[PDB]
*Asks:* 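Below are the structure tokens for one structure; questions will follow.
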Amino acid sequence: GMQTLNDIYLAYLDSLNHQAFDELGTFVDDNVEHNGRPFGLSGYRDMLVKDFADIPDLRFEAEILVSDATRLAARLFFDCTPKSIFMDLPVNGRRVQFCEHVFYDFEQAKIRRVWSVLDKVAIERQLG
Amino acid sequence: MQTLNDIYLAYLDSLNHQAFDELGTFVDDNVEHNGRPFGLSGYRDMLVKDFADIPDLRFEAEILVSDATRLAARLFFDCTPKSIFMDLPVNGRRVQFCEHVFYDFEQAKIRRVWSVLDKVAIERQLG
């Protein structure tokens, strides 16, 4: 049936998994803000391009999705292999599992504001 | 009919008054927190330790998103851990950080919790 924020979001994650960033503006506002950085669609694209450069096998998968008319919260689970430094940790090609908890404010079916927290402690424990 | 949002704000209010005799009103007997199946008693012990470590701890939601069975909260903390906190030497410095937390509710009570705290924000403040 009729699409919901959940559908839009899972389509966004799909494009991310195929690294289809020419399509990014379908899902992300021109003036998107991420963790208070007002860096826009192109800053957001650069951020994702860098994430994949740093973690070639990165893949996005939501464990939990909660949403209403304007907002979506996702628990995303990662099982991946950062090449080098990641969150100032010398991961250095080891496979690690960690989650990200992220809130999205949508405006006109596109991500407008993002607040994200990654589980650095989970990574520390795996290296420690 | 009571929304998850109302129940959750009532829960945070009880926490802010350290009213942990009432905790079972809001938390299931078999509550699991970050994969630890430690029950209502384990959960109470966790909160009791949080307040012992951080006397000025106070719970306030900046964002709430909920449906029939789940609630996600962005909570903002401005507080003063007495000592070591997330293995950092905070040691009586006032720090600001958020927690992003998902709750599964069963019969009006918190049954499962997944929480991530912003360690990086604290690092930036000490660093």
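In what follows, chains are A, B, ... by sequence order, proteins preceding strands, each numbered from 1.
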*Asks:* Do A:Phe77 and A:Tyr104 sit in one hydrophobic cluster, given that two such residues count as connected whenever their side-chain heavy atoms are within less than 4.5 Å of each other, even indirectly?
*Replies:*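 No.
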
*Asks:* Please give me the minimum heavy-atom distance between B:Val65 and A:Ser67, naming the atom from each residue.
*Replies:*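 Distance-wise, the nearest heavy atoms are CG1-CA, 3.7 Å.
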
*Asks:* Looking at every non-hydrogen atom in both residues, tell me the closest pair between B:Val116 and A:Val117 and how far apart they are.
*Replies:*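 Nearest heavy atoms, B:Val116 then A:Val117: CG1-CG1, 3.7 Å.
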
*Asks:* Side-chain heavy atoms nearer than 4.5 Å, only ILVMFWY residues, links allowed to pass through others: does that put B:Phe77 and B:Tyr8 together?
*Replies:*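 Same cluster: B:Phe77 reaches B:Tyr8 through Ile, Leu, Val, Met, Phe, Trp or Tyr contacts under 4.5 Å.
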
*Asks:* Verify the neighbour count for atom CZ of B:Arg58: are there more than 12 heavy atoms of other residues, nucleotides or ligands below 6.0 Å?
*Replies:*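 For B:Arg58, atom CZ is not crowded (no more than 12 foreign heavy atoms under 6.0 Å).
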
*Asks:* Below 4.5 Å, heavy-atom pairs only: which of A:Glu100, A:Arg71, A:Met87, A:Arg75 has the largest tally toward chain B?
*Replies:*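 With the most close heavy-atom pairs to chain B, the winner is A:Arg75.
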
*Asks:* Where does A:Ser116 contact chain B at under 4.5 Å (heavy atoms): side chain, backbone, both or neither?
*Replies:*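 The backbone, not the side chain.
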
*Asks:* Going from CG on B:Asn5 to CG on A:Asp68, what distance comes out if it is rounded to the nearest 0.5 angstrom?
*Replies:*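 That separation rounds to 9.5 Å.
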
*Asks:* How many angstroms lie between CG in B:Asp118 and NZ in A:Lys120, if you round to the nearest 0.5 Å?
*Replies:*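 Result: 10.0 Å between the selected atoms.
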
*Asks:* Do other residues, nucleotides or ligands put more than 12 heavy atoms under 6.0 Å from the CD1 atom of A:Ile85?
*Replies:*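 No, because the 6.0 Å sphere around CD1 of A:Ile85 holds 12 heavy atoms or fewer from other groups.
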
*Asks:* Please classify the contact of A:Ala69 with chain B as side chain, backbone, both or neither, using a heavy-atom distance under 4.5 Å.
*Replies:*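 No part of it gets close to chain B.
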
*Asks:* More than 12 heavy atoms of other residues, nucleotides or ligands under 6.0 Å from CD of A:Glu61: is that the case?
*Replies:*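 12 or below, so no.
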
*Asks:* Locate the shortest heavy-atom distance separating B:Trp114 from A:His101; write the atom from each residue and the value.
*Replies:*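 B:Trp114 and A:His101 have their closest heavy atoms at O-CE1, 3.3 Å.
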
*Asks:* Under a 4.5 Å side-chain heavy-atom rule over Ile, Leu, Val, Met, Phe, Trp and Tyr, are B:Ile63 and A:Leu118 clustered together?
*Replies:*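 B:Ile63 and A:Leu118: separate clusters.
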
